[PDB]
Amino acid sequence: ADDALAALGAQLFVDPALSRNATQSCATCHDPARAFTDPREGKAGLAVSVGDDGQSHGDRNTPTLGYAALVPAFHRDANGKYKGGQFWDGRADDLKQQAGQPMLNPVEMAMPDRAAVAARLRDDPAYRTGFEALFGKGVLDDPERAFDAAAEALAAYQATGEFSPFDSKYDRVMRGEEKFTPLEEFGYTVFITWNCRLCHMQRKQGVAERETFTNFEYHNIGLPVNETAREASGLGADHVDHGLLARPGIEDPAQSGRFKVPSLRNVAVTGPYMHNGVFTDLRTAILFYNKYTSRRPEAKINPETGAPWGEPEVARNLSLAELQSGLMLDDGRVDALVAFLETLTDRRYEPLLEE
């Protein structure tokens, strides 16, 4: 039943009949061969994903679903920090509230409404049996019950060990099954003594039971617009992605430009990077942080373009207290951090590490 509910979600997850033209399932954009991210090239490379219509592009990079089940439901903690939720801007409270949304989004799976999704489920005798066994007779005849039940199954499926196996080299080393190389070890030492630990660790102090290398908070790190992605999405040259402020119900202008800190698990295989896919290489994501600390001219320049990093899309609410650390990562420590982050790769994706 915990089993059967996740099993039902496993079927939905790969089923293109949840999309308008039947070309696209969750697994099309969240490809399990690629740590649940999108391998397909569109007008902006791999920065943003193409919808079921074959033309519409989104404006944000498709994130991994790996470890998404460890994220707390959205809330404001006592520090006045928003935390948790789903999507880069936390607009969904939790996995279940999130799951229905790609299904109805016209730039994604594009179903016209809940009734249409119910009518697709009802067409399939296997769904009649599996749905009714879990939710009661007639569930698929009530568009609202059917839709909420599908979202439930899909969220159950993302909560299984398949999505969060904790079998990376890092996990093995933490269990005493193996040891880091001197370079991986130096990268771990840097990660935990430099500013990365201030946002990319679960806890402020103490030890986490199930570390996913994010504190689930929202921060504006001052990223530029990805112009080819923004051109592909069609939102307009004048559009601003306000991050958390776009969540219905947040009105605080201090939240503008803040995005959820992603889990670094599998980061080495889920490029390109950031909410808009703007950096191709993992090294380049790391180097971005030196713009706030280094005095060298090179630190102002994006090594993929030879041009300056760019003006932040949102040039207020930057996490300068954390970003302006006073210390530049030299090349040896960037090397070490790349090595370390590669240890966060799940066992089944280690073969992906070479390419």
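Residue numbers run from 1 along the displayed sequence.
- Remark: stretch with higher mean C-alpha B factor among 212-220 and 132-140 is 132-140.
- Mean CA temperature factor is higher for 226-234 when stretches 186-194 and 226-234 are set side by side in the entry.
- Among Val278, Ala150, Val207, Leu282, the highest C-alpha B-factor recorded in the PDB entry belongs to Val207.
- Note on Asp241, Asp171, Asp89, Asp252: the highest value goes to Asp252, judged by CA B factor as recorded.
- Annotation for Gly45: C-alpha temperature factor in the highest third relative to the rest of the modelled chain, per the entry.
- Residue-level temperature factors show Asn302 in the middle third of its chain, judged at the C-alpha atom.
- When the modelled residues of the chain are ordered by their C-alpha B factor, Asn21 lands in the highest third.
- Per the PDB record, residue ranking by Cα B-factor puts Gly84 in the middle third of the chain.
- Per the PDB record, residue ranking by Cα B-factor puts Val71 in the middle third of the chain.
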